[PDB]
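So this block is entry.cif, mmCIF, C-alpha atoms:
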```cif
data_input
loop_
_atom_site.group_PDB
_atom_site.id
_atom_site.type_symbol
_atom_site.label_atom_id
_atom_site.label_comp_id
_atom_site.auth_asym_id
_atom_site.auth_seq_id
_atom_site.Cartn_x
_atom_site.Cartn_y
_atom_site.Cartn_z
ATOM 1 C CA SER A 2560 97.083 -92.660 -114.323
ATOM 2 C CA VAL A 2561 93.701 -91.518 -115.638
ATOM 3 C CA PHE A 2562 92.522 -89.636 -118.727
ATOM 4 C CA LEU A 2563 90.322 -86.611 -118.075
ATOM 5 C CA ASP A 2564 87.001 -87.056 -119.874
ATOM 6 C CA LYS A 2565 85.954 -83.391 -119.769
ATOM 7 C CA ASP A 2566 87.785 -80.081 -119.254
ATOM 8 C CA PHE A 2567 88.910 -79.362 -115.688
ATOM 9 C CA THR A 2568 88.202 -76.050 -113.946
ATOM 10 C CA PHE A 2569 90.959 -73.435 -114.299
ATOM 11 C CA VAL A 2570 93.527 -73.029 -111.517
ATOM 12 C CA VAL A 2571 95.949 -70.181 -110.780
ATOM 13 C CA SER A 2572 99.665 -70.817 -111.317
ATOM 14 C CA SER A 2573 102.942 -68.941 -111.790
ATOM 15 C CA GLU A 2574 104.264 -68.174 -115.281
ATOM 16 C CA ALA A 2575 107.242 -70.503 -114.829
ATOM 17 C CA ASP A 2576 105.096 -73.406 -113.633
ATOM 18 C CA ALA A 2577 102.344 -72.800 -116.189
ATOM 19 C CA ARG A 2578 104.712 -72.725 -119.167
ATOM 20 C CA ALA A 2579 105.941 -76.076 -117.880
ATOM 21 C CA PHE A 2580 102.351 -77.357 -117.947
ATOM 22 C CA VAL A 2581 102.249 -76.547 -121.652
ATOM 23 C CA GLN A 2582 105.384 -78.613 -122.288
ATOM 24 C CA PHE A 2583 103.603 -81.916 -121.550
ATOM 25 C CA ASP A 2584 100.016 -81.627 -122.769
ATOM 26 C CA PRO A 2585 100.329 -78.789 -125.149
ATOM 27 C CA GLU A 2586 97.449 -79.761 -127.424
ATOM 28 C CA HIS A 2587 95.612 -80.862 -124.280
ATOM 29 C CA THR A 2588 96.387 -77.985 -121.876
ATOM 30 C CA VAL A 2589 95.711 -74.258 -122.024
ATOM 31 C CA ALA A 2590 97.549 -71.421 -120.240
ATOM 32 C CA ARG A 2591 97.039 -67.632 -120.174
ATOM 33 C CA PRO A 2592 98.611 -64.561 -118.610
ATOM 34 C CA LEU A 2593 96.311 -62.780 -116.172
ATOM 35 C CA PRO A 2594 96.959 -59.119 -117.124
ATOM 36 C CA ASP A 2595 96.508 -57.723 -113.609
ATOM 37 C CA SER A 2596 98.385 -60.279 -111.496
ATOM 38 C CA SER A 2597 100.880 -61.316 -114.211
ATOM 39 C CA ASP A 2598 100.321 -64.956 -113.198
ATOM 40 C CA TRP A 2599 98.843 -67.704 -115.367
ATOM 41 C CA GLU A 2600 95.654 -69.783 -115.427
ATOM 42 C CA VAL A 2601 96.058 -73.501 -116.122
ATOM 43 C CA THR A 2602 93.136 -75.291 -117.777
ATOM 44 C CA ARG A 2603 93.337 -78.991 -118.622
ATOM 45 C CA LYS A 2604 91.167 -80.014 -121.564
ATOM 46 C CA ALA A 2605 89.731 -83.434 -122.359
ATOM 47 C CA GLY A 2606 92.368 -86.046 -123.147
ATOM 48 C CA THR A 2607 94.890 -84.916 -120.536
ATOM 49 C CA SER B 1983 80.731 -54.288 -90.705
ATOM 50 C CA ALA B 1984 78.558 -54.603 -93.807
ATOM 51 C CA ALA B 1985 75.272 -56.541 -93.743
ATOM 52 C CA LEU B 1986 75.802 -57.217 -97.465
ATOM 53 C CA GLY B 1987 77.231 -60.700 -96.798
ATOM 54 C CA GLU B 1988 74.252 -62.598 -98.225
ATOM 55 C CA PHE B 1989 74.217 -60.296 -101.252
ATOM 56 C CA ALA B 1990 77.647 -61.713 -102.054
ATOM 57 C CA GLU B 1991 76.147 -65.203 -102.071
ATOM 58 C CA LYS B 1992 73.305 -63.976 -104.275
ATOM 59 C CA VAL B 1993 75.900 -62.947 -106.865
ATOM 60 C CA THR B 1994 77.489 -66.406 -106.936
ATOM 61 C CA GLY B 1995 74.251 -68.192 -107.837
ATOM 62 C CA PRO B 1996 73.445 -66.473 -111.165
ATOM 63 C CA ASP B 1997 77.146 -66.791 -112.018
ATOM 64 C CA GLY B 1998 76.580 -70.539 -111.898
ATOM 65 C CA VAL B 1999 73.359 -70.005 -113.827
ATOM 66 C CA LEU B 2000 75.350 -67.853 -116.254
ATOM 67 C CA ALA B 2001 78.249 -70.292 -116.596
ATOM 68 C CA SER B 2002 76.023 -73.346 -117.055
ATOM 69 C CA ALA B 2003 73.839 -71.592 -119.630
ATOM 70 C CA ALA B 2004 76.893 -70.271 -121.479
ATOM 71 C CA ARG B 2005 78.208 -73.800 -122.015
ATOM 72 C CA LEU B 2006 74.905 -74.800 -123.621
ATOM 73 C CA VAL B 2007 75.147 -72.079 -126.268
ATOM 74 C CA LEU B 2008 78.785 -73.090 -126.803
ATOM 75 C CA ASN B 2009 79.995 -69.578 -126.024
ATOM 76 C CA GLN B 2010 83.702 -70.046 -125.456
ATOM 77 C CA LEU B 2011 85.377 -68.416 -122.466
ATOM 78 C CA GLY B 2012 89.119 -68.396 -121.950
ATOM 79 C CA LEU B 2013 89.907 -68.293 -125.668
ATOM 80 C CA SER B 2014 92.971 -66.025 -125.504
ATOM 81 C CA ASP B 2015 96.080 -67.629 -127.015
ATOM 82 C CA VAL B 2016 99.370 -66.495 -128.498
ATOM 83 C CA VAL B 2017 98.342 -64.987 -131.831
ATOM 84 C CA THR B 2018 98.389 -61.209 -132.246
ATOM 85 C CA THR B 2019 100.350 -59.325 -129.559
ATOM 86 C CA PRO B 2020 103.666 -61.240 -129.728
ATOM 87 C CA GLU B 2021 103.682 -61.025 -133.530
ATOM 88 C CA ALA B 2022 103.121 -57.296 -133.132
ATOM 89 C CA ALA B 2023 105.750 -57.338 -130.385
ATOM 90 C CA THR B 2024 108.080 -59.071 -132.836
ATOM 91 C CA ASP B 2025 107.217 -56.439 -135.441
ATOM 92 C CA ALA B 2026 107.609 -53.664 -132.868
ATOM 93 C CA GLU B 2027 110.963 -55.180 -131.918
ATOM 94 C CA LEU B 2028 112.278 -55.053 -135.481
ATOM 95 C CA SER C 1983 66.806 -95.101 -134.050
ATOM 96 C CA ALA C 1984 65.081 -92.830 -131.537
ATOM 97 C CA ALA C 1985 64.752 -89.079 -132.144
ATOM 98 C CA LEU C 1986 64.703 -88.643 -128.354
ATOM 99 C CA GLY C 1987 68.416 -87.740 -128.242
ATOM 100 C CA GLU C 1988 67.877 -84.076 -127.347
ATOM 101 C CA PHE C 1989 65.328 -85.081 -124.710
ATOM 102 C CA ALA C 1990 68.205 -86.828 -122.955
ATOM 103 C CA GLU C 1991 70.094 -83.532 -122.879
ATOM 104 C CA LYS C 1992 66.986 -81.776 -121.577
ATOM 105 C CA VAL C 1993 67.042 -84.134 -118.582
ATOM 106 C CA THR C 1994 70.654 -83.287 -117.724
ATOM 107 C CA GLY C 1995 70.002 -79.550 -117.414
ATOM 108 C CA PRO C 1996 67.399 -79.560 -114.604
ATOM 109 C CA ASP C 1997 69.555 -82.177 -112.862
ATOM 110 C CA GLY C 1998 72.210 -79.478 -112.668
ATOM 111 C CA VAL C 1999 69.499 -77.037 -111.634
ATOM 112 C CA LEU C 2000 68.363 -79.616 -109.079
ATOM 113 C CA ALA C 2001 71.851 -80.383 -107.771
ATOM 114 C CA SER C 2002 72.880 -76.728 -107.493
ATOM 115 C CA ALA C 2003 69.646 -75.763 -105.738
ATOM 116 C CA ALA C 2004 69.906 -78.747 -103.387
ATOM 117 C CA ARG C 2005 73.305 -77.583 -102.140
ATOM 118 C CA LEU C 2006 71.832 -74.188 -101.256
ATOM 119 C CA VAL C 2007 69.199 -75.708 -98.969
ATOM 120 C CA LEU C 2008 71.939 -77.897 -97.469
ATOM 121 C CA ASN C 2009 70.046 -81.067 -98.353
ATOM 122 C CA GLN C 2010 72.659 -83.769 -97.965
ATOM 123 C CA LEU C 2011 73.039 -86.432 -100.645
ATOM 124 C CA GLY C 2012 75.276 -89.451 -100.255
ATOM 125 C CA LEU C 2013 74.760 -89.691 -96.497
ATOM 126 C CA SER C 2014 74.758 -93.495 -96.198
ATOM 127 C CA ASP C 2015 77.432 -94.790 -93.813
ATOM 128 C CA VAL C 2016 78.058 -97.891 -91.737
ATOM 129 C CA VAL C 2017 75.497 -97.597 -88.947
ATOM 130 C CA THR C 2018 72.449 -99.872 -88.986
ATOM 131 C CA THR C 2019 72.720 -102.874 -91.336
ATOM 132 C CA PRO C 2020 76.074 -104.308 -90.159
ATOM 133 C CA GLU C 2021 75.013 -103.997 -86.514
ATOM 134 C CA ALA C 2022 71.852 -105.860 -87.475
ATOM 135 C CA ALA C 2023 74.033 -108.230 -89.497
ATOM 136 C CA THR C 2024 76.142 -108.725 -86.373
ATOM 137 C CA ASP C 2025 72.962 -109.327 -84.380
ATOM 138 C CA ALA C 2026 71.609 -111.621 -87.098
ATOM 139 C CA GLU C 2027 74.938 -113.458 -87.037
ATOM 140 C CA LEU C 2028 74.741 -114.147 -83.306
ATOM 141 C CA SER D 1983 65.201 -58.422 -84.030
ATOM 142 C CA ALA D 1984 66.859 -59.951 -87.089
ATOM 143 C CA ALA D 1985 66.697 -58.241 -90.495
ATOM 144 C CA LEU D 1986 67.019 -61.714 -92.054
ATOM 145 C CA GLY D 1987 63.249 -61.988 -92.630
ATOM 146 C CA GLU D 1988 63.436 -61.711 -96.425
ATOM 147 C CA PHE D 1989 66.298 -64.212 -96.480
ATOM 148 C CA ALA D 1990 63.804 -66.720 -95.102
ATOM 149 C CA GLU D 1991 61.559 -66.055 -98.094
ATOM 150 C CA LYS D 1992 64.541 -66.425 -100.420
ATOM 151 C CA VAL D 1993 65.017 -69.957 -99.075
ATOM 152 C CA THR D 1994 61.419 -70.941 -99.834
ATOM 153 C CA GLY D 1995 61.655 -70.078 -103.532
ATOM 154 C CA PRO D 1996 64.473 -72.451 -104.590
ATOM 155 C CA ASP D 1997 62.790 -75.113 -102.441
ATOM 156 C CA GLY D 1998 59.866 -74.822 -104.838
ATOM 157 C CA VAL D 1999 62.354 -74.781 -107.699
ATOM 158 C CA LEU D 2000 63.995 -77.826 -106.114
ATOM 159 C CA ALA D 2001 60.743 -79.694 -105.482
ATOM 160 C CA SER D 2002 59.326 -79.017 -108.950
ATOM 161 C CA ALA D 2003 62.564 -80.030 -110.670
ATOM 162 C CA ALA D 2004 62.853 -83.158 -108.520
ATOM 163 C CA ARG D 2005 59.460 -84.400 -109.710
ATOM 164 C CA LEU D 2006 60.601 -84.082 -113.327
ATOM 165 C CA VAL D 2007 63.577 -86.391 -112.795
ATOM 166 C CA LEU D 2008 61.247 -88.768 -110.933
ATOM 167 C CA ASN D 2009 63.411 -88.630 -107.819
ATOM 168 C CA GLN D 2010 61.173 -90.087 -105.145
ATOM 169 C CA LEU D 2011 60.877 -88.358 -101.777
ATOM 170 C CA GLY D 2012 59.045 -89.863 -98.835
ATOM 171 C CA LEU D 2013 59.904 -93.442 -99.782
ATOM 172 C CA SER D 2014 60.372 -94.831 -96.259
ATOM 173 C CA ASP D 2015 58.080 -97.782 -95.517
ATOM 174 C CA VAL D 2016 57.995 -100.727 -93.143
ATOM 175 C CA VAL D 2017 60.734 -102.995 -94.480
ATOM 176 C CA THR D 2018 64.009 -103.267 -92.568
ATOM 177 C CA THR D 2019 63.889 -101.937 -88.985
ATOM 178 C CA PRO D 2020 60.836 -103.861 -87.691
ATOM 179 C CA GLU D 2021 62.161 -107.109 -89.174
ATOM 180 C CA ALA D 2022 65.423 -106.370 -87.386
ATOM 181 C CA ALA D 2023 63.367 -105.392 -84.340
ATOM 182 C CA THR D 2024 61.603 -108.745 -84.630
ATOM 183 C CA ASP D 2025 64.991 -110.446 -84.928
ATOM 184 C CA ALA D 2026 66.363 -108.374 -82.047
ATOM 185 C CA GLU D 2027 63.287 -109.351 -80.036
ATOM 186 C CA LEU D 2028 63.880 -113.072 -80.522
#
```
Step by step, read the file and then write its structure as structure tokens.
Amino acid sequence: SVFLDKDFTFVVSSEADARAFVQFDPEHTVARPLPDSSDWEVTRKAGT
Amino acid sequence: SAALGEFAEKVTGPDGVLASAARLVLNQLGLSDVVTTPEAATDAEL
Amino acid sequence: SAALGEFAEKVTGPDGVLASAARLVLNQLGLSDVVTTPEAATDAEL
Amino acid sequence: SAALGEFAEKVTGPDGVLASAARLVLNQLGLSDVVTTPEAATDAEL
């Protein structure tokens, strides 16, 4: 178990999996709908 | 088919130059959160 | 104590410029493996 | 034969960008001297 010191590069994920991401971190993670593909980007900030 | 293959690589480089420089000026990318649309969607729902 | 603080940041930037440019020319960093020394160490042991 | 001729010139440029930037960070190139191998060669000779 390690704490991320600086924000990780965004990765593509499904809406169901990305909303889940938010349920753990939520101050520490960031998720957005990609308008064209309807999927979500998952970006882990510092402190994750 | 297209000889342009190295012109695709030449796009990637400045993107890195762009991205790295953008972080120095603290210009924030990927700032879109849940603020406006769903509230409007809630209003449009009512 | 030292006002040099922003001159530390100004070192980091070209390092990124250096590192990114180095990958383009395929100059390989962190190439040291187990090849010479331990064989010599084995020879020096005998 | 190969249209790549200007892509050879485009390699040279960043090399200059690489070399110039490398001197700023005081990263030393061409550091290999007589230290290890001949001593090992002397040991391997004995």
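Residues from chain A that have an atom within 12 Å of chain B, counting all atoms listed in the file, are residues 2566, 2568, 2569, 2588, 2589, 2590, 2591, 2592, 2593, 2594, 2599, 2600, 2601, 2602, 2603 and 2604 of chain A.
One distance worth recording is that between atom CA of residue 2562 of chain A and atom CA of residue 2605 of chain A, which is 7.7 Å.
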Tell me which residues the PyMOL selection byres ((chain B) within 10 of (chain D)) grabs here, as a short mmCIF file (atom, residue, chain, number, x, y, z; two decimals) with C-alpha atoms, in the coordinates of the input.
```cif
data_model
loop_
_atom_site.label_atom_id
_atom_site.label_comp_id
_atom_site.auth_asym_id
_atom_site.auth_seq_id
_atom_site.Cartn_x
_atom_site.Cartn_y
_atom_site.Cartn_z
CA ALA B 1985 75.27 -56.54 -93.74
CA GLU B 1988 74.25 -62.60 -98.22
CA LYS B 1992 73.31 -63.98 -104.28
#
```
Expansion of the PyMOL selection byres ((chain D and resi 2006) around 12) into residues, as a CSV table (one decimal) with C-alpha atoms, keeping the file's coordinate frame:
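Result file expr-v7.csv:
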```csv
chain,number,residue,atom,x,y,z
C,1992,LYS,CA,67.0,-81.8,-121.6
C,1993,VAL,CA,67.0,-84.1,-118.6
C,1994,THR,CA,70.7,-83.3,-117.7
C,1995,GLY,CA,70.0,-79.6,-117.4
C,1996,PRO,CA,67.4,-79.6,-114.6
C,1997,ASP,CA,69.6,-82.2,-112.9
C,1999,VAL,CA,69.5,-77.0,-111.6
C,2000,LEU,CA,68.4,-79.6,-109.1
D,1999,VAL,CA,62.4,-74.8,-107.7
D,2000,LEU,CA,64.0,-77.8,-106.1
D,2001,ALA,CA,60.7,-79.7,-105.5
D,2002,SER,CA,59.3,-79.0,-109.0
D,2003,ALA,CA,62.6,-80.0,-110.7
D,2004,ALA,CA,62.9,-83.2,-108.5
D,2005,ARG,CA,59.5,-84.4,-109.7
D,2007,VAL,CA,63.6,-86.4,-112.8
D,2008,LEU,CA,61.2,-88.8,-110.9
D,2009,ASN,CA,63.4,-88.6,-107.8
D,2010,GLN,CA,61.2,-90.1,-105.1
```
How would you write, as a PyMOL selection string, the residues chosen by the PyMOL selection byres ((chain D and resi 2022) around 10) on this structure? (chain C and resi 2018-2019+2021-2023+2025-2026) or (chain D and resi 2017-2021+2023-2028)
C-alpha atoms of the current selection, written as a short mmCIF file (atom, residue, chain, number, x, y, z; two decimals), keeping the file's coordinate frame:
```cif
data_model
loop_
_atom_site.label_atom_id
_atom_site.label_comp_id
_atom_site.auth_asym_id
_atom_site.auth_seq_id
_atom_site.Cartn_x
_atom_site.Cartn_y
_atom_site.Cartn_z
CA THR C 2018 72.45 -99.87 -88.99
CA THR C 2019 72.72 -102.87 -91.34
CA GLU C 2021 75.01 -104.00 -86.51
CA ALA C 2022 71.85 -105.86 -87.48
CA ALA C 2023 74.03 -108.23 -89.50
CA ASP C 2025 72.96 -109.33 -84.38
CA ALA C 2026 71.61 -111.62 -87.10
CA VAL D 2017 60.73 -103.00 -94.48
CA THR D 2018 64.01 -103.27 -92.57
CA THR D 2019 63.89 -101.94 -88.98
CA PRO D 2020 60.84 -103.86 -87.69
CA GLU D 2021 62.16 -107.11 -89.17
CA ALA D 2023 63.37 -105.39 -84.34
CA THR D 2024 61.60 -108.74 -84.63
CA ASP D 2025 64.99 -110.45 -84.93
CA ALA D 2026 66.36 -108.37 -82.05
CA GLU D 2027 63.29 -109.35 -80.04
CA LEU D 2028 63.88 -113.07 -80.52
#
```
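One finds atom CA of residue 2573 of chain A at 24.6 Å from atom CA of residue 2560 of chain A.
Each of A:2606, A:2587, A:2582, A:2598 was compared to residue 2570 of chain A using all atoms listed in the file, and A:2598 turns out to be the nearest.
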